[PDB]
Every structure is written in C-alpha cells, then in structure tokens.
Amino acid sequence: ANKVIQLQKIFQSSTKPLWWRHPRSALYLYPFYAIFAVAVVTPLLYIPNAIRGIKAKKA
Amino acid sequence: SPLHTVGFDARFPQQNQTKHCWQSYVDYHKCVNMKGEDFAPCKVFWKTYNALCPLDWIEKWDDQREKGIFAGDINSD
Amino acid sequence: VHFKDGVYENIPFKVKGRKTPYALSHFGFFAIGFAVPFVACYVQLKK
Amino acid sequence: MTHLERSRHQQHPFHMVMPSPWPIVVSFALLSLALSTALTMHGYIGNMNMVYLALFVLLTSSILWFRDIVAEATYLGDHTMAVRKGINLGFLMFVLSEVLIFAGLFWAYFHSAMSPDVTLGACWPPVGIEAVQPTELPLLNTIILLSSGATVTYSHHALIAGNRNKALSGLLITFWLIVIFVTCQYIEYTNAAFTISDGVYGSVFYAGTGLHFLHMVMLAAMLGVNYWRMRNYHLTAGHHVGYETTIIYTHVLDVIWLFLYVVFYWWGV
Amino acid sequence: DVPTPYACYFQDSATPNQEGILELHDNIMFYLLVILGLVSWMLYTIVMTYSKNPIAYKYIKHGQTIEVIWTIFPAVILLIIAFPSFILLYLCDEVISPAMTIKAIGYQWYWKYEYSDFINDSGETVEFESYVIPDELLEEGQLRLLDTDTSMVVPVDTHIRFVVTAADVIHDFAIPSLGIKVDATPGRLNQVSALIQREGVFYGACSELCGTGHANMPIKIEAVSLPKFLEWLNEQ
Amino acid sequence: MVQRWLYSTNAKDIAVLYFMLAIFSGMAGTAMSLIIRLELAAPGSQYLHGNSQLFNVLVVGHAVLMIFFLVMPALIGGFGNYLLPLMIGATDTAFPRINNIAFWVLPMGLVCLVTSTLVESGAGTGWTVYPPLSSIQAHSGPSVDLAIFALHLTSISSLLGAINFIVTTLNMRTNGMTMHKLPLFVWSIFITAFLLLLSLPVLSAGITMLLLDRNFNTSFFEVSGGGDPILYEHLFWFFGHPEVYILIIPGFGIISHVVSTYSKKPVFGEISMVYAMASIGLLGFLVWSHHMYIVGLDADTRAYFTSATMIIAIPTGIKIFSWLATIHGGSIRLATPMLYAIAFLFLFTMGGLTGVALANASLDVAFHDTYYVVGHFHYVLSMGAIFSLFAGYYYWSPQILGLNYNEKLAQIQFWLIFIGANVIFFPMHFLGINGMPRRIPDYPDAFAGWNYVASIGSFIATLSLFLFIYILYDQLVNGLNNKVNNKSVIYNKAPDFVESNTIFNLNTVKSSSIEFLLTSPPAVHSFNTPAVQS
Amino acid sequence: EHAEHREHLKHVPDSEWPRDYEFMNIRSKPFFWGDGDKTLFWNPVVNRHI
Ligand code: HEA
Ligand code: HEA
Ligand SMILES: CCCCCCCCCCCCCCCC(=O)OC[C@H](COP(=O)(O)OCCN)OC(=O)CCCCCCCCCCCCCCC
Ligand SMILES: CCCCCCCCCCCCCCCC(=O)OC[C@H](COP(=O)(O)OCCN)OC(=O)CCCCCCCCCCCCCCC
Ligand SMILES: [Ca+2]
Ligand SMILES: [Cu+2]
Ligand SMILES: [Mg+2]
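Residues numbered from 1 in each chain as written, not as in the entry; some residues may be left out. Chains lettered and ligands numbered in written order. Part of a larger assembly, values for the part shown. Heavy atoms only, no water.

Another point: helix α2 (residues 39-52) of chain B. For α2(B), with 14 residues, the first-to-last C-alpha span of 20 Å sits near the 20 Å given by 1.5 Å per residue. Among all positions in α2(B), only B:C42, B:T48, B:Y49, B:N50, B:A51 and B:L52 are buried. (Helix = DSSP H or I, 4+ residues; strand = E, 2+ residues; numbered from the N terminus. Expected span 1.5 Å × (residues − 1). Buried < 20%, exposed > 50% of the residue type's maximum accessible area, 1.4 Å probe, protein only.)

Taken together, E:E208 (OE), E:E208 (OE), F:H368 (NE2) and F:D369 (OD) make up the full set of protein donors to the magnesium ion (ligand 7), lying 2.1 to 2.5 Å away. Of the two residues, F:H368 and F:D369, both sit in the buried class. (Donors = N, O, S within 2.8 Å, 3.2 Å for Na, K, Ca; no water.)

This next bit is on the domain arrangement of chain D. Residue and element names in this part refer to chain D. When its domains are assigned, chain D resolves into domain 1 (1-78) and domain 2 (79-269). Once you take the C-alpha centre of each, domain 1 and domain 2 turn out to be 25 Å apart. Domain 1 puts eleven residues into the contact, and the matching count from domain 2 is seven residues. Summing both partners gives a buried area of about 750 Å² for domain 1 against domain 2, and 61% of it is carried by carbon and sulfur. Seen at the junction of domain 1 and domain 2, the total is zero salt bridges. In this structure, the connection of domain 1 to domain 2 is made through three residue pairs in polar contact. A class-by-class count of the residues in the side of domain 1 that touches domain 2 yields six nonpolar, three polar and two charged. (Domains from an automatic or database assignment. Contact = heavy atoms within 4.5 Å. Buried area = accessible area lost by both parts, 1.4 Å probe. Salt bridge = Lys/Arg side-chain N within 4 Å of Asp/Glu carboxyl O. Polar contact = N/O pair within 3.5 Å; in protein donor to acceptor, adjacent residues only side chain to side chain. Nonpolar A, V, L, I, M, F, W, Y, C, P; charged D, E, K, R; others polar.)

On to the coordination of the iron atom of ligand 1. Note on metal geometry: ideal angles are 109.5 degrees for four donors arranged tetrahedrally and 90 or 180 degrees for six donors arranged octahedrally. All names here are of chain F. Listed as protein donors to the iron atom of ligand 1 are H62 (NE2) and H378 (NE2); their distances from the metal cover 2.0 Å. Each of the six donor atoms bound to the iron atom of ligand 1 contributes to angles spanning 65 to 178°, and the resulting shape is irregular. Separated by 316 residues along the polypeptide, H62 in helix α3 (residues 52-83) and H378 in helix α13 (residues 372-401) bring together distant segments of the chain. As far as burial versus exposure is concerned, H62 and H378 are alike and both buried. (Tetrahedral: all angles 85-135°; square planar, octahedral: opposite > 155°, others 65-115°.)

The next thing to look at is the site of ligand 1. All names here are of chain F. Taken together, 33 residues are adjacent to ligand 1, and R37, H62, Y371, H378 and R439 come closest. Between ligand 1 and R37, the relevant distance is 2.8 Å, taken from an oxygen atom to a side-chain nitrogen or oxygen of the residue. One nitrogen or oxygen atom from the side chain of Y371 is found 3.1 Å from an oxygen atom belonging to ligand 1. Among the secondary structure elements, those contributing two or more residues to the shell around ligand 1 are α2 (11-39), α3, α13, α14 (407-425) and α16 (448-477). No other element matches the eight residues that α13 contributes to the shell around ligand 1. Broken down by class, the residue content of the shell around ligand 1 amounts to 23 nonpolar, seven polar and three charged. (Near = heavy atom within 4 Å.)

Turning to the interface of chain B and chain D, a few remarks are in order. Many analyses report the size of an interface as the accessible area lost when the parts associate. Across the contact, four residues belong to chain B and seven residues belong to chain D. The largest contributions to the chain B side of the interface with chain D come from B:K19, B:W22 and B:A71, which together make up 82% of the buried area. Applying the counting criterion to the chain B and chain D interface returns zero salt bridges. Here chain B and chain D share zero residue pairs in polar contact between them. Among the residues making up the side of chain B that touches chain D, the classes are represented as two nonpolar, one polar and one charged.

Residues in close proximity to ligand 4 include E:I60, E:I66, E:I69, E:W70, E:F73, F:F268, F:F321, F:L324 and F:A325, which together make up its full environment. Residues within reach of ligand 4 are spread across chains E and F. Isolated, ligand 4 exposes 1100 Å² of accessible area, and the fraction of that covered by the protein chains is 43%. Only α2 (64-92) of chain E together with α10 (313-327) of chain F provide two or more residues apiece to the shell around ligand 4. Among the elements that take part in the shell around ligand 4, α2(E) stands out by supplying four residues, more than any other. In terms of residue class, the shell around ligand 4 is made up of nine nonpolar, no polar and no charged. (Areas by Shrake-Rupley, 256 points an atom, 1.4 Å probe, with all protein chains shown as cover.)

So, about the state of the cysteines. Residues and elements named next belong to chain B. Taken as a whole, this structure holds two disulfides over all chains when the rule is applied. Bridging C21 to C53, the disulfide has an S-S length of 2.0 Å. Residues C21 and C53 are joined through a disulfide that is right-handed, its torsion about the S-S bond being 115°. Within this pair, whereas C21 is found in helix α1 (residues 18-35), its partner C53 is found in the loop between α2 and α3 (55-66), the two being separated by 32 residues in sequence. Judged by its relative accessible area of 0%, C53 is buried. (Disulfide = S-S within 2.5 Å.)

What follows covers the sheet that holds strand β8 (residues 190-195) of chain E. Residues and elements named next belong to chain E. Strand order across the open sheet formed by five strands is β3-β2-β1-β5-β8, with mixed pairing between neighbours. What marks the edges here is a single partner per strand, and that holds for β3 (126-130) and β8. Looking at each pair of strands side by side, their axes are set apart by 25° on average, direction ignored. Here strand β1 (residues 100-107) runs beside strand β5 (residues 159-164); their pairing, made up of four bridges, is parallel. Within β5, the residue paired with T101 across the bridge is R161. (Pairing = 2+ DSSP bridges. Axes fitted to C-alpha atoms, helices over the stretch in contact; angles between N-to-C directions.)

This part takes up the arrangement of the chains. The highest contact count of any of the 13 pairs of chains in contact belongs to chains E and F. Nothing in chain A touches chain E; the tightest C-alpha to C-alpha distance between them is still 20 Å. Between chain C and chain G there is no contact, and the shortest C-alpha to C-alpha separation is 24 Å.

Residues and elements named next belong to chain A. For helix α2 (residues 25-45), built from 21 residues, the straight-helix expectation of 30 Å at 1.5 Å per residue is met to within 8% by its first-to-last C-alpha distance of 30 Å. Of all the positions in α2, only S25, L29, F32, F36, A39, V40 and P43 are classed as buried. The arc enclosing the buried residues of α2, seen along the axis, measures out at 105°, which places them on a common side. Turned more than 90 degrees from where α2 packs its buried face, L27, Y30 and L45 sit exposed. (Arc of directions from axis to C-beta.)

All right, on to the interface of chain E and chain F then. With 78 residues of chain E at the contact, the number on the chain F side is 87 residues. The junction of chain E with chain F conceals about 7000 Å² of combined surface from both sides, 69% of it contributed by carbon and sulfur atoms. A per-residue breakdown of the area chain E buries against chain F is headed by E:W70, E:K181 and E:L209, which together make up 10% of the total. There are two salt bridges connecting chain E and chain F. In this structure, the salt-bridge partner of E:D93 is F:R302, at a minimum N-O distance of 3.0 Å. For the pair chain E and chain F, the number of links is 20 residue pairs in polar contact. Where the side of chain E that touches chain F is concerned, the elements lending two or more residues are α1 (16-50), α2 and β7 (180-184) of chain E.

Printed below as a string of structure tokens:
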C-alpha cells in the first residue's frame, strides 16, 4: 500500500527500540515473550528427571 | 598338513579381505548348483572361505541362505 | 550507542564500588568452574 | 556541503547496529530445542509438543530478527553500498557452507556406492530395493526447477527495468513453481518403495534429498517474504539485496538439484 | 615382548616388521635430532647474545638467499627420510605365501581366536575365547591386565596371516613387539602378515576404545616351536 | 548493564564475554584433566572406584572442553573480536548480531555438555565419537545426543564467527590498507575463518549422520544395514585435521606480533609469512587420513598421505625459521610475552618433530593410539595454543583492560607452567614408544613410573593455573597501583640506544599496529574518523 | 499407471509380501512419534514391512 515514507518518519522519529517502533509491535511482542518463557523454562525443568533416570510415564 | 594355507590372490592384493572371503563363499555355493561336476575343485573355494571367513559370518550366511534372505548372486536355475 | 568508558567500565562485573569483597566473586567463579567436574564425578559415583 | 552539516553524520559507511535481544533469544530457543529433542528422543518427555513449541519459538524469534533487519534496511536507511556489499558477500559465504554440507552427503553416497557392502549384495542399489526412476517424476521436478530459475531471472531483470507488474507476476509464478516442486517431492516420498531405515541406500538417498527438500522450503519462505516486500514497495529498482540473495540461492539450489538428480538417478540406477 | 618399568625404547623385536620400523624410527630420529639441535642452538645463542644488545638491526627484513635456502632444506630432509618410509611401507604391505592363517575376531571385551585352517579331531576348526584373568583370580607371579586365560600359541619361523575383524565395536589388534597394529571394524576383515623369529611370549592390548572393558582386554601370543605347537594343536 | 552485556552489539564487549566463558571452561577442562592424571598415577583403581565409564566420560569432557570451549572461544572469539576490528581500523564488525549470537550459542553448548556428563551414563566415546561405540547398541541414553548437540552449537558459533570475520576483514578495512598491508594476526584469523567455513560443514554432516543413526533407525554407519564405521572416520578427520590447524594458526599470528615487538624489528619476510599460513591452510584439507593409517587403506593411499602430511613441515618450518630471523639481531626485552614466545618456539618444534615422525605410514603401526601421539598433540596443543594464549593475554591485557599485571608473579607463573608442562608431557613419549595404549583408566604395572612422574607434573601445571587466576585478581584490583609503582612493566618498548627519555616521552608508543595507539581501555566506538595510512 | 500398480499391490495378503532382507527396515529403537514402527512419510499400502 506504499506505507514506506510514513513508516520512515515513524521509525526515524521514535525513542523506542527498533523492535518496538511499529504501532503493531505489542501485538507480537507480548505473547511471544510469554511463549518464549514457557519454552525455555520447561525443558530446563525436565532435567532432574533426566539425570534421576525417571523416564516419562506412558499414560 | 605342515602349514599350508590359501596363499596370495591377485584379485585381492590389498589389506582388507572382506570381499575375498565373501566371493569364495559365493563361488563355493555357486559351484554346487550350477556346475556340480567338480567336487574337489568345489572344495578349493570351501577351504578358502573356511580359512578367511569368521564362523559367525558363515553361520549367518548359512541361515540367510536357508531362509532365502541371502543377498548373494545365487541362481539355482 | 554511548556507554560509559573507563578503567572498570569495560568488564561485566563490578570490582570497585562493592558491598562484598571482590575476591569472593573472582574466586567463586573459578571455584565453581573447578567444582563442576567433581559434581559430575559425585553424580556418576552415586549411580 | 559545509563542515557543520557533515559533522551531523556517520563518517564511515558501515552499519552501527543498535543493541538487540534476538541473538540471545534465538540462542535460548536453540538450547531449548536441543535439550527438548534430546529428552524426547529417549522418552523422558511423553509427547512431541515440547519440540513443536521450541521449533515455533526458534522460528518466530528468527522471524522477529528478520523484521528488525528489514526495518534497518528499508526504514532507517542504514544499508549503504558498503553494507550491501558486505551482506551480499556474507550470504555467498553461507551458501558456500551449505554447498559443503551437501558435498559431505555426496561423499557418504559415493562411499556406500563405490564400495558396495557384502551384506547388500555387492550391487548398487541393493538386492530387494527397487530404485526411484529418473525419467518419471524427477524429470518433471528438474524441469520445473530449471523453469523456476528462468522465471526468477526474468522477474529480477523486469524489476531492474522498471516494470512492476512483470516482476510481481514472475516472482509469484516462480513461487508457485517451487511449491509445486515441494508438493511433487512429497508425493514422491509418499508413494515410494523404500524407507529411510531401509539400509544405506534409503539412508543416504533420503538424507540428500531431504536436505534439498528443507532448503527448498527455506527458499519458499524467502520467495514469500520477497513477494510481500515487492508488493508493498519495499524493494527499489536499484537497491535490493533480498532479491539478489534469493535468486542466487535459487540458482545454487538448482545446480545442487542437478547434481543430486544426475548422481542419485542417472548413476544410482 | 613384555613392557619394562621406566623404559624409554621399543620392546624387543621378534619379526622383520618390528625391527624394520625400529630402524626406520632411529633413521628418522637422526635428522629430527639434527634439526632439534639446530633450532635449540639458534634459540639459545640468539637470546643469550641479543638480550643484551642495545642496537637492534631493524632493517633486516627480506633476505631472499636464506629464504630459498630454508625452503629447499626441509624438502631434502623430508626426501631423505621419505625414501626408507616408502621402502618399508611397500615391503611390509606384501603378503608372500602365508604358511598359516588365524582369525582373531574380537568381541565386546574379549578376543576369540580361530585356527580355521586346522583340525581338532579331524578337519573341524579350532577356536577359543581368551578372557583376561581377573584381579581376584590372579596367582602370585602373573602380570596384571596382561596375563590372559588362554594364550594364542603359534609356530615360530613361519609366515602367519592374521585376519582380524570384530563383532560389536572397533577393537584394535595390537602387539607392539610383533609390530602389528590393525583395528577391527565390524564391517570388514583386515589382514596382516608376520613371521616370528624367536620363541617366547608377546603381550599386547586392544589399542582402540571399546567401552568400559577397554583396559582389561589383552592379547597373549606364545611363539612355540613347531613340534610343540603341533602337539598343542592336536591336543586342543 | 542489561543492554551492554545481554543485548550486546559491539565486538569488544562480546570479546570479553568470550574470554570470561573461555577461561571458565578452561578451568573446568583442567579440572577434568587433573582427575584423569590423578587416577592415572598408579595401576589399579585409585580415586574412581573401578568405573572406567566415568574415566572415559571425564576424558571426553576434558578434551571437548579444552578444544571447543577454551582454545577456540579464547583465540578465535576473544582475541579476534577484540583485535580484528581494531587492527584493520574497522569501526565495528559487519553483522554484529551474528557476532553476538555466536558467543551466546556457546554457553549452552557448555550447558548441554555438562548435562550430557550428568545424564544416564555419560558419553564415554572419546573426543572422536566413533561408531558403533557411540551408537545406540553400545551407548544408550541421551548423553551422546547432548554431546552431539554441544558439538553442533559450538560448530554454529565457529561458523558464524568465521563468516562475520571474513566479511569484516574483507569489506570493513580502513582506507589505507591493501590486503598486503594487513597485520599477521588479521591474516591468521582470516585463514582460520576460511578453514572453519570449509571444515564445519563436513563435521555437522557426519555428526547429524551419527545422531540420525542413534535415534531414527537409519544406517549410515551400522554394519547390520550395510554401513561403514570408516565413513564417520573419514568425515570426522576431514573436519579434524583442519580443526587442529584452526587451533594453531592464531598462535602463529600472536607469536609473530609479540616477537616483532619485543625484538624491536619487523617480521622477517612478512609476505612469506602470509604465504606460509595460506599454504598450511591449503595443505590441511589434503592430509586428513593420517589419522587412520590403521584401518586398512591401500599402500598407495598411505604412501600418498605420508608425503602430503610431511609436506606441511616445509611451511611450518618457514614460519618457525622466520621467527628466529625476526629475533636474530634485535634488542630482546624479555618480558612475559617474549618468554612465552621463546618457549612456544622451542616446545612447538619438539611437538612438530614428534608429529613428523608420526606422519610416516610405517611408524604409525608402532605409534597409533599409544601415548606417543598424546605426547605429540599435547606438546603442539598445550604449548602452541596455551603458550600462545598466555602470550596474547600478557601482551594485550593491559591495553584492553587499562590495568597492569604484576610482572614477577607473571614470570613465576610462566616458569611454573613451563617446567610443569614439560614434566607431564615428556614421559608420554616414553610410554608410547614402550607401547602403552590410549584412553585406558588402568594399565599393566610396567608403565607406572612415567605415569607417576607425569601425574606429579600435572600439579605443577595446575598450580601455575591457580597462580594465573590470582594474577587476574591482582591485575583487576591493583591495575592502577601496579602502574604507579614499579611492580609492572609500563613501556613494552624501551628507548633505542640514542634516544633521550624526554624524546621517548613524546613518542612513547612505537607500534606497527593500531591497537596500542588506542587509549587504555579503548573507546566504546573509537575510529570516528577512519584511520588513514600511506 | 503407477497408482494403478499400487492399487493392485494393495490387495496382497500378509504372507505374500516378499523376503525383507537383513539391511531392510531395521529397528535399532522404536520411534518416539505415533506408536512405534512407522516413519514420517510411511505409506502402509506400499511400505508394509516391520
Ligand atoms: C586444548 C587442548 C588440550 C590441552 C591444553 C590439554 C592439556 C592437558 N591435558 Fe589433555 N587432551 C586433549 C586436549 C587438551 N589437553 C584431547 C583433545 C585429548 C584426547 C581425548 C581422547 O583421546 O579421547 C586429551 C587427552 C588427555 C590425556 C590422555 C588421556 C588418555 O588418552 O587416556 C591426558 C593424560 O594426561 C590429559 C591431561 C591433560 C593435562 C594434565 C593437561 C595440562 O596441560 C593442564 C594444564 C593446562 C593449563 C593450565 C591450561 C591453561 C588454562 C587456561 C584456562 C588457559 C589460560 C589462558 C588464557 C585464559 C588466555 N588430556
Ligand atoms: C595444535 C594442533 C596440531 C598441530 C599443529 C599438529 C601438527 C602435526 N601433526 Fe598432529 N595431532 C593433533 C594436533 C595437531 N597436530 C591431535 C589433536 C591429534 C590426535 C587426534 C586424536 O587421536 O584424537 C594429532 C595426531 C597426529 C597424527 C595421527 C597419529 C595417530 O593418532 O595415529 C599424525 C600423523 O600424521 C600427526 C602428525 C602431525 C604433523 C606432521 C604436524 C605438522 O604440522 C608439524 C610440522 C612442524 C614441524 C615438523 C616442526 C617445525 C619445522 C621445522 C623445524 C623444519 C624442519 C623439520 C623437518 C625437516 C621435518 N599428529
Ligand atoms: C557469585 C557471588 C555473587 C555476589 C552477589 C552479591 C550481591 C550483593 C552486592 C555486591 C556488589 C554487587 C555485585 C554485582 C557485581 C558482580 O559480582 O557481578 C556478578 C557476576 C555474576 O553475576 P550472577 O548472575 O552470578 O549474580 C546473581 C545475582 N545478580 O560475577 C562474575 O561475573 C564473576 C566473574 C569473575 C571474574 C572473571 C575474570 C575474567 C575476566 C577477564 C577479562 C579480561 C579480558 C582480556 C582478554 C580478552
Ligand atoms: C640449511 C641452512 C639454513 C638452516 C635454516 C636457517 C637457519 C634458521 C635460523 C636463521 C637465523 C638467522 C636468519 C636471519 C639472518 C639474516 O636475515 O641475514 C641477512 C643477510 C643479508 O645478506 P646481504 O646483506 O649479503 O644481502 C642483502 C640483500 N639480500 O642474509 C645472509 O646473512 C645470508 C646468509 C647465508 C647463509 C648460508 C648458510 C650456509 C651453510 C648452509 C648449511 C651448511 C651445513 C654444513 C654442516 C657442516
Ligand atoms: Ca589407575
Ligand atoms: Cu592431523
Ligand atoms: Mg584409533
């Protein structure tokens, strides 16, 4: 739709980081932070069962 | 006998003999069904694969021949 | 971007303005680096 | 200009990239992927949803990194001639790395074929496995890949010429051509005589062609984001590195498919 | 034959292969010692002379004469030491009419020798596994981690072909007094030839990683005379 | 401090992050080496109660830790990311975020390697991860998979650093610099980045073949299936010898700089040095099968490979003679980098000579998998990489930290590590020539004397390591105090023998490289105006 | 034609599938997806062996 020049003025006049500068940036950035925290907490949490020898119960 | 063996084969001059033992086994099994008239020339390949192949290999290949799983070029014709 | 520059601003840890002594942090870092294999040995000798 | 105005600028072409979280986020997702698949390959996790989640996090983190890099390329104007020369050379080096991965796979195939194992029958393909025929489906695959190469060079030259509608049409056509390639390859995998566990022939065959499969799906994503940027006017007529990168990727993957085709079919049969 | 405490040299040879590689190692160590003496002399006299030099000759930069001299000098040293390496390699790779063949197929932390050319009662092949004697069952005198349950006994003064493969992992068949070291991949057999020149015993170990039972996997070859070997062979 | 260190984008902060992780994992690798050497002091199970699996696990921990987590991050990452921007006058390297993700993918290589050691039995396979010993029939459990992922992540780090380094030293040069006017350390990191780029693909291919064999029932190397375990040997050593030249060529770049600056005269035949580094990097990829002289290659194959492997004694000899030529006729200011450079020259010639005796196909019947090969490689690895590491640290540390180290303490640290490393690795040649096999937690009791003396010398080496980690503390908390008293060496170059002390004070830094003319700790974005050169 | 031949191969009894060789469809471990002895692109019509 040629939003390029408007987006240039928005991205050059903004004291936010370069990944927050678009107006839609919260709409990606909040659920991604939640999904990231889940996905890097969980296999870390599965480590003591791995070194303990307790495999997953097939239920 | 006082110390005889297979000797040197000009078809397999390098260090590994893994196809040499296999080809002697396959040629001993191929002398039986195809030609079958030269029983002592058949035993040349028999002595060769006996001297070169391990017994577990000969047992597995005999089992695969008897169950039809053997991958050798054996045409009963 | 502009960060501060100086004698101790080049390193991630804090050496000068400190509540604990720095020797705690310095030798604790290398001490847990040296004790990681003994913890591995303790696990494998437990099992 | 004067001196007071030249003092408002960079004094060197090169890109001073701002601090950014996507290196540590992509790397944390990479650790979670490695740990989750090593704990799912051995049943310490009950299902594959964790591996699916870690793949999704890695993909969306890489996608956000690419959103930041197209922001720095289009909107902040940081990509000058030296930075464009640099990213072109860097993509050329990464493509050389992928070429060498495939050369390792070719060495695997050539070892298992030139030294035919005695448990296989001393014949290539092994006894009992019937090979995939060259002329039937991979002939269609190689001619649509060669036509994909002709379509990207047509559409790239149409972009340089100033013609908008020829470039977008050519890029859309070659995009649907390479997803027709991915679909024909999946059909070939679906109705095939052997498996990846069917000896070294199935091993190295599906390793080489599945690696080319994954690089073609990567090329599909790249042609998609290139079409989105050309539709929404991000590419200019003289300043474009994503398109040059994607067309040299297409030609490299085309030569890789040519070597894979002629070896694995016109010599493996 | 047997390793010796605080040793610094090869074990005593028993075959033309081992004394060939011993003479080759000393022939190489000659020129390696001349360039070690040269490098260490140059380094020593350079630091002891020029750690107290006040004026550095800072214009000695290119010097093409010594450049081409020290380019063509290691080439002729490698040529000198690569003639006998070629002679010994193509000499020890030949197998010239073996008078015997014994398989040594090495299973997961033991060897199994197989005298398949020969008879036990009449015609049938001879074979035996050679386990290591454990630490608890050692009698006083036996060498720890070297003295096995049964030794591969073999006639002296005759060409033996060793055909070594494996069954589970790569196990190396290594005897350093007999100068043979050939690993055992599960896929392929591997041959070597050796003729033993004196009677005695020759210890060796598995020189390739094998899992947890790697150290306790020795190879005890007993070179005996031909009548006593024939008596042992009919007795087996 | 969350921005500057977590979200980092300049090469200097990433370089010091590389170095902190590198010396941490090097401490861990030295701990595993101490447990190896402590159990290996006497015949019989001494400290590990039996348990040869744990010994093999600690052997792969020490090996893969000290190689892929100490020497490569320290030499390549820390020193390259600090100096490869600076010595060419680059403002900050091209692709800074790839330069950040290479470092940040490293410490989870560390994490998953540590937990590979922790899980069910540990990878007990050697640092070569040869099948079928490493496959699922011998090693069950997820440990070898996590070791394979450690090697994958450090392969990612090395390859991304290689691409970033290549386009930085090609594209981001300053305006006066032709490629023939580049310093030797920059050329060394250049050639090493090319070798990483042309080696890590083959390794990643072979290791994913091994992981696929372990978990997806495919048969690349499984014999029951038709595979060859020699194919993994081919692939791993096609990576593996270019890997050891990757590890050694940054030493060849550091030692040239320190030798020319404490000899007060430039490197003898600098273009010849660039050509000899290039010839070594070209000749590496052609010699990869001297690591498998035993498997039963043809006599023509081994006769080719003994010639090709011996051929590398000519350019390495060219470099080791040009260094003596640079030192010959100078004013040797014997500080700690010059001490480490001299000791590197001597002990690296010794290790390379044992290697050239190892290059023969007929002698490797007597030497393969003995302790002679570990004499060779611990000489060239320990001296040639670690003495280069210590030389580069004691050389560039007070500039890139602004903090001077104590000099007496540094020289007793050098003398301790020199006699300690000699006392450990020199009896290994005797153990190998008498026939002691490798990777064994126990031995016949005839090897016990040389095992005891090397186990003694390991404590001297690790005591010098502990003295180094105290020297770091002293440099960190008394840097300016060591500057102001006479406990340290302030000027690495003296006045010449005509130059007044005042005339020196107006021109105190006489370097042929940009890095020493930067300020103590260099500015966070220096080179505002690009540094010009005739 | 090949789809017609695979439809013809569909109606084959379990004793009529030929000799799966030693190297063919080896199971060093069960897979962790699904239930076990099935690969990713597994066609139960053609690839039947186990
Ligand atoms: C980087 C490579 C490297 C280095 C430096 C070392 C150094 C040492 N290694 Fe080892 N080693 C290997 C890599 C290395 N090793 C490899 C690849 C194997 C093969 C594994 C296999 O075959 O399976 C091996 C195997 C190996 C063996 C043979 C084991 C066997 O086969 O049974 C032994 C036995 O003594 C050993 C012990 C030691 C000891 C006591 C040191 C001592 O020298 C320790 C003293 C070293 C230091 C004190 C280093 C300084 C510390 C730093 C942190 C650097 C500081 C500098 C800066 C930060 C700038 N290691
Ligand atoms: C620091 C890394 C490094 C370097 C630089 C080298 C350098 C060399 N290496 Fe080594 N090597 C290893 C690391 C390295 N190596 C490792 C880690 C292993 C074991 C892997 C494993 O088993 O896990 C190994 C094992 C290894 C083997 C395998 C043996 C076996 O295990 O069966 C061989 C055989 O060819 C070899 C030889 C050489 C040679 C000829 C050089 C040459 O580059 C050296 C050349 C230098 C000189 C020769 C001295 C300088 C020259 C002169 C002074 C001129 C005069 C000299 C002459 C005229 C000869 N080494
Ligand atoms: C372990 C002890 C923690 C003590 C915390 C107590 C807090 C109370 C307040 C005390 C003062 C504030 C403490 C915060 C500061 C701090 O110490 O930095 C903390 C960090 C780790 O932080 P963490 O995540 O573990 O902290 C958890 C809570 N935040 O330490 C370290 O990097 C230790 C590093 C040791 C030194 C490394 C030496 C090597 C550097 C060489 C570089 C040269 C390069 C040259 C070659 C390229
Ligand atoms: C095989 C011999 C070489 C061994 C390996 C080389 C030695 C390694 C260490 C070198 C350290 C010094 C080098 C820098 C000196 C320098 O740079 O010198 C610079 C001078 C400059 O000369 P110019 O002003 O005339 O010309 C200026 C215009 N080019 O060039 C020389 O002096 C040439 C010296 C010739 C040496 C010939 C050696 C003859 C004996 C050969 C061996 C015989 C063995 C007999 C046994 C009984
Ligand atoms: Ca012990
Ligand atoms: Cu090598
Ligand atoms: Mg070996």
